[PDB]
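Just one chain follows, in the form deposited in one PDB entry, and it is written as structure tokens.
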């Protein structure tokens, strides 16, 4: 069902190594809906190549646009399992501290802060 379940650790590692070789300026991000989540839609895909200069505040703007949300729909984003301390951090810096051992940056969204 989830990305980690669909691909072996070996497979996730090799895919990140390909993104490094073919899209060296991009951050490999997994973005998944919370398994509880009722309100917000599912995305058209799971694996995203994010430009390494965008900060977390702009990535939230991007995901809201991709989900085609309106002004009063609530949106919460967990990174590597927990809340973001800051949305002003460049994703290149967030990646280096919050990346998984497979080399993806894992994110989960919901309409409640209570995930």
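Numbering follows the first chain given and starts at 1. Each form is matched to the other, and the largest set of C-alpha atoms that superpose within 1.5 Å is called the rigid core.
- Of 15-23 and 97-105, the stretch whose C-alpha atoms sit farther from the shown form in 9 other deposited structures of this protein, after fitting on the rigid core, is 15-23.
- When the other structures are laid on the shown form by the core, the C-alphas of 52-60 and 75-83 differ in how far they drift in 9 other deposited structures of this protein; the larger average drift belongs to 75-83.
- In this entry, 37-45 has the higher mean Cα B-factor, the comparison being between 77-85 and 37-45.
- Ranked by C-alpha B-factor against the other modelled residues of its chain, residue 60 falls in the middle third.
Missing here is the form deposited with a small molecule bound; even so, the following discussion is about that form.
- The candidate spot formed by 15, 19 and 47 is fully in contact with the small molecule in the deposited bound form: every one of the three has a heavy atom within 4.5 Å.
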